[PDB]
Each structure stands twice: as C-alpha cells, then as structure tokens.
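The structure appears below as structure tokens.
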Amino acid sequence: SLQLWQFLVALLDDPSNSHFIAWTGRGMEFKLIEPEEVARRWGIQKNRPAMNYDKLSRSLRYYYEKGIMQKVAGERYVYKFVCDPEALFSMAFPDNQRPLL
C-alpha cells in the first residue's frame, strides 16, 4: 500500500527533486514548488492520468485536519509533518491499527 503522505516523503528524500518539491530546512517543513508537477507524478504512480493538484490537495487537507500534517500560515503550498506521539502511530500503521495479537 502507498498513500500520499508516503509518496511525498519518497519524493522529498531525493534532493534531486528539489525543483518541484523540497524540505525547506525548517524542521519537517516542506514546500510544493511545482504543485501540478507533484500531482502529475502522483498520477503516474497511481495510474490516474487525470490526477491534478485540486484532487491531490484534498488529501493534504484531510491530513492536516487529522493532525498528521500542519499547513503553514500565510503560505499556499507549505506544509509540515507533525512530530508527535499520536501522529507517529498513524504513520507507523497506515494499513492496520490493531497490529498486535
């Protein structure tokens, strides 16, 4: 399984992608430098050729409403991953949140 937050982290980990998505250097903050290019790549990844940023952005909002990300104030395309105990559990268990016997 691959969901959007993981996909973004995969792109962010490779600094050769910095011209369209980058860790800003402020903690866990990242910027979508070319939002439609990020969306295009997500569409390729998921075989959804009609993917676009409008669609992708819904997931960003779902993540910040759930406290997995935060939207940075004053910015359009700057977000941060949340580093807290509860968010770490959600990120550790994307597919099963009753993982123990």
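Each residue of the sequence shown is one higher than the one before, counting from 204 in our numbering. Beta carbons are placed, not taken as given, at the ideal position from N, Cα and C, and that holds for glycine.
(request) Give every residue of the same chain whose Cβ lies closer than 6 Å to the Cβ of residue 232, excluding the five residues on either side of it in the sequence, and list them in chain order. (result) 283
(request) Please name the residue, chosen from 298, 299, 274 and 235, that lies closest to residue 220 on a Cα-to-Cα basis. (result) 235
(message) Tell me which residue opens and which closes the beta strand (DSSP E) that residue 272 is part of.
(response) 272–274
(request) State the beta-bridge partners of residue 164 as determined by DSSP. (result) Residue 164 cannot be examined here, being either before or after the span of the chain that is shown, 204 to 304.
(request) Less than 8 Å between the CB atoms is what I'm expecting for residue 244 and residue 214, so what's the real figure, rounded? (result) 7 Å
(request) Just the C-alpha distance for residue 292 and residue 301, rounded to the nearest angstrom, thanks. (result) 11 Å
(request) List the residues that DSSP assigns as beta-bridge partners of residue 245. (result) Beta-bridge pairing links residue 245 to no other residue.
(request) Going by CA-CA distance only, name the one from 260, 252 and 253 that's closest to residue 279. (result) 260
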